[PDB]
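Novice: The following block contains the structure, expressed as structure tokens.
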Amino acid sequence: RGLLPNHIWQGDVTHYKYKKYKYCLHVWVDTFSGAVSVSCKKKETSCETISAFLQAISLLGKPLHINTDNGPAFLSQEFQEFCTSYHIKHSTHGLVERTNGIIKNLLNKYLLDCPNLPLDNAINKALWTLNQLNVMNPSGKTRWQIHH
Amino acid sequence: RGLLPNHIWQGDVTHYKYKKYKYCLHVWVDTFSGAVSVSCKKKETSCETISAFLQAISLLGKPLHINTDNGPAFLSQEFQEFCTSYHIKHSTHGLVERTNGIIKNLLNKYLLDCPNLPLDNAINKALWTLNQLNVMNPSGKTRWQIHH
Amino acid sequence: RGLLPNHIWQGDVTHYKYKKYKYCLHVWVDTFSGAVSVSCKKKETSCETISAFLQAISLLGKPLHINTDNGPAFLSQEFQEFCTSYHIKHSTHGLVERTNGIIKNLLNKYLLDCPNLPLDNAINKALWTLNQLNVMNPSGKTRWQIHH
Ligand SMILES: [Mg+2]
Ligand SMILES: [Mg+2]
Ligand SMILES: [Mg+2]
């Protein structure tokens with residue numbers, strides 16, 4: 054739906070069980086490039102949501118428009134004030158699901174390749190692998206090449 | 054005073070009290086874009102000054118010319134050798158104060174939003190928020206957009 | 054041998070003794086820009102090799118072609134599958158040695174400047190110093206300027 058990179062992003066929190074803890078993967082994806090940010094958090098309150106959103110922006114640039122679900126972190130006064138103050142349009146009207162699934166498959170593969178190592182490493186390598194290594198179809202480009 | 058990004062930077066150390074420790078915020082700011090680096094350090098010796106300066110350069114690019122105060126870390130043989138070896142003009146002739162103040166206000170806001178979380182997180186989110194989110198006047202651009 | 058940045062990289066693991074432990078510096082260098090990645094690892098199995106290679110790619114971009122020695126991490130089924138899946142040509146035919162030496166000299170200098178601080182800090186500052194600060198001859202440019 055975005056017409057160029059950083060026009061319109063989609064965001065949701067998805068859940069990932071590892072060692073009997075259910076982590077909150079905060080996931081943002083550009084609707085034009087398919088480029089992704091994901092932050093592994095223990096929670097999904099406004100303090101973690103704003104934080105993941107800043108991580109995403111540091112990696113992808115500032116979006117003009119974000120679309121989320123009606124989850125309460127996204128509807129909090131803290132998140133609306135953030136978006137208003139920094140001129141980010143926020144609406145609340155599949156890309157994220159499909160991106161979640163690709164993330165989780167890479168995350169699982171990296172956990173098994175390196176079982177000794179922390180969850181954060183696997184998330185990181187999943188993230189960078191998807192954006193920079195993965196060649197997309199029909200374009201022949203990576204998300205990173207289309208985005209930047 | 055700089056004519057384009059990375060022509061001339063201003064640098065100083067400012068102090069920030071948190072939990073009865075006075076941290077040294079090493080702050081560099083581009084005089085053209087207003088783009089900022091800040092590193093939270095426990096000290097301001099040459100080893101920390103060179104380190105913050107490398108953090109700044111990794112984030113902003115290499116400057117042609119830096120201007121500092123006469124603080125001893127900046128006048129150390131270690132810092133002069135660094136600047137000489139890598140062809141960075143160093144002179145020792155408000156932008157930093159005003160930038161300090163904006164940093165500290167964002168840092169305080171993030172500490173109160175997230176009281177449970179470490180100082181480093183608040184510094185980081187202050188830093189990225191100021192460079193990438195904040196829209197400057199009359200230009201309508203962020204520091205990041207002007208700088209890069 | 055590369056005709057522009059990210060055409061052809063050279064990679065090897067070199068060893069660095071610090072406090073009676075022999076670390077594995079995984080080193081990648083672009084044959085055109087001379088730009089470098091180095092990751093300090095405890096080991097050189099496929100899990101660490103793929104990880105250092107992702108660190109390198111995050112910093113330098115995705116290469117078309119990599120050349121390594123016949124070390125077993127590079128010949129592992131895991132590393133060949135990685136290269137095949139993401140369309141990176143891998144051959145197994155001085156740049157790395159000379160780069161190792163420059164890295165190690167900067168690493169030693171930073172350890173002595175800051176003896177109190179961890180090895181990882183010295184590696185990091187060595188890495189960024191070499192890519193961004195060091196002016197190369199006859200070009201007058203840093204590795205970073207040529208690469209990006
Ligand atoms: Mg949701
Ligand atoms: Mg001072
Ligand atoms: Mg070898």
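The listed protein sequences derive, respectively, from chains A, A' and A''. A prime marks a further copy of an entry chain. As numbered in the authors' numbering, residues 54 to 146, 155 to 209 make up the first sequence, in order. As numbered in the authors' numbering, residues 54 to 146, 155 to 209 make up the second sequence, in order. As numbered in the authors' numbering, residues 54 to 146, 155 to 209 make up the third sequence, in order. Ideal Cβ placement from N, Cα and C applies to all residues, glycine included.
Using a threshold of 7 angstroms, state whether the C-beta atoms of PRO125 of chain A' and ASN59 of chain A' are closer than that.
Specialist: No.
Novice: Does at least one heavy atom of ligand 3 sit under 6 angstroms from the Cβ of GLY162 of chain A''?
Specialist: No, the beta carbon of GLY162 of chain A'' sits no closer than 6 angstroms to any heavy atom of ligand 3.
Novice: Cβ of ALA187 of chain A within 7 angstroms of Cβ of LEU156 of chain A?
Specialist: It is not a contact, given that the beta carbons lie outside the stated cut-off.
Novice: Taking the runs of the alpha helix (DSSP H) that are 4 residues or longer, which of them lie wholly in the stretch 54 to 131 of chain A'?
Specialist: With a minimum length of 4 residues, the continuous alpha helix (DSSP H) runs that stay inside the stretch 54 to 131 of chain A' are 99 to 113, 125 to 128.
Novice: Is the stretch 192 to 208 of chain A' touching the stretch 73 to 81 of chain A'' in the sense that three or more CB pairs, one from each, lie closer than 8 angstroms?
Specialist: No, because fewer than three Cβ pairs between the stretch 73 to 81 of chain A'' and the stretch 192 to 208 of chain A' fall closer than 8 angstroms, the two stretches do not touch.
Novice: Three or more beta-carbon pairs under 8 angstroms between the stretch 55 to 71 of chain A'' and the stretch 133 to 142 of chain A, yes or no?
Specialist: Short answer: they don't touch.
Novice: Would you say the beta carbon of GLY201 of chain A is closer than 6 angstroms to some non-hydrogen atom of ligand 2?
Specialist: No, the Cβ of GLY201 of chain A stays beyond 6 angstroms of every heavy atom of ligand 2.
Novice: Please return the same chain residues whose Cβ sits closer than 6 angstroms to the Cβ of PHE127 of chain A'', not counting the five positions on each side in sequence.
Specialist: The answer, listed in chain order, is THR121.
Novice: Report the rounded CA-to-CA distance for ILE103 of chain A' versus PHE135 of chain A', giving the unit in angstroms.
Specialist: Taking the straight line joining both Cα atoms gives about 8 angstroms.
Novice: Could you check the C-alpha separation between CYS175 of chain A' and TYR74 of chain A for me, to the nearest Å?
Specialist: Roughly 22 angstroms between the two C-alpha positions.
Novice: For the beta strand (DSSP E) that contains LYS142 of chain A, what are its first and last residues?
Specialist: Run containing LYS142 of chain A: 142 to 144, per the beta strand (DSSP E) assignment.
Novice: Could you say which of A':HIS143, A':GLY87, A':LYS95, A':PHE106 lies nearest to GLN193 of chain A' if we only look at CA atoms?
Specialist: If we check each option's Cα against that of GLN193 of chain A', A':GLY87 comes out closest.
Novice: Find the residues of chain A' that neighbour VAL196 of chain A'', judging by a C-beta separation of less than 8 angstroms, and give them in chain order.
Specialist: Going along chain A' in sequence order, the residues near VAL196 of chain A'' (Cβ under 8 angstroms) are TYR139, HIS140.
Novice: Answer with yes or no whether the minimum CB distance from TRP189 of chain A' to chain A is below 7 angstroms.
Specialist: Yes, contact with chain A.
Novice: Check distances from the C-beta atoms of the stretch 155 to 176 of chain A to those of chain A'' and list, in chain order, the residues that come in under 8 angstroms.
Specialist: Residues passing the 8 angstroms Cβ filter: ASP174, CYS175.
Novice: Use the C-beta contact count for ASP181 of chain A: other C-beta atoms within 10 angstroms, 16 or more gives buried, fewer gives exposed.
Specialist: Exposed, by the Cβ-count rule.
Novice: Note the first and the last residue of the continuous alpha helix (DSSP H) segment covering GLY162 of chain A'.
Specialist: From DSSP, the alpha helix (DSSP H) with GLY162 of chain A' extends over 156 to 174.
Novice: For a test of your reading of the model: does the CB of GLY124 of chain A fall under 6 angstroms from any non-hydrogen atom of ligand 1? Yes or no.
Specialist: Yes; taking the cut-off as 6 angstroms, the Cβ of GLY124 of chain A has a heavy atom of ligand 1 nearer than that.
Novice: What is the DSSP secondary structure of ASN195 of chain A'', counted as helix, strand or coil?
Specialist: Reduced to three states, the DSSP call for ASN195 of chain A'' is coil.
Novice: According to DSSP, is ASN185 of chain A' helix, strand or coil?
Specialist: DSSP places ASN185 of chain A' in helix when its eight states are reduced to three.
Novice: By how many angstroms is the C-alpha of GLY201 of chain A' removed from the C-alpha of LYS96 of chain A?
Specialist: Cα-Cα distance, rounded: 34 angstroms.
Novice: May I ask you to check if the CB of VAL66 of chain A' is nearer than 6 angstroms to at least one heavy atom of ligand 2?
Specialist: Yes, ligand 2 has a heavy atom inside 6 angstroms of this Cβ.
Novice: Using 8 angstroms for Cβ pairs, my map puts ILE61 of chain A' next to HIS118 of chain A'. What's the rounded Cβ distance?
Specialist: 5 angstroms between Cβ atoms; contact.
Novice: Taking 7 angstroms as the CB-CB cut-off, is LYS72 of chain A'' touching chain A?
Specialist: No, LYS72 of chain A'' lies away from the interface with chain A (no Cβ there is under 7 angstroms from its Cβ).
Novice: With a threshold of 7 angstroms between beta carbons, is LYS202 of chain A in contact with chain A''?
Specialist: Taking Cβ atoms only, chain A'' never reaches closer than 7 angstroms to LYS202 of chain A, which makes this a no.
Novice: Which of helix, strand or coil does DSSP assign to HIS208 of chain A?
Specialist: Helix at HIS208 of chain A.
Novice: Is there a C-beta anywhere in chain A that falls below 7 angstroms from the one on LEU107 of chain A''?
Specialist: Closer than 7 angstroms to some Cβ of chain A, the Cβ of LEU107 of chain A'' qualifies, so yes.
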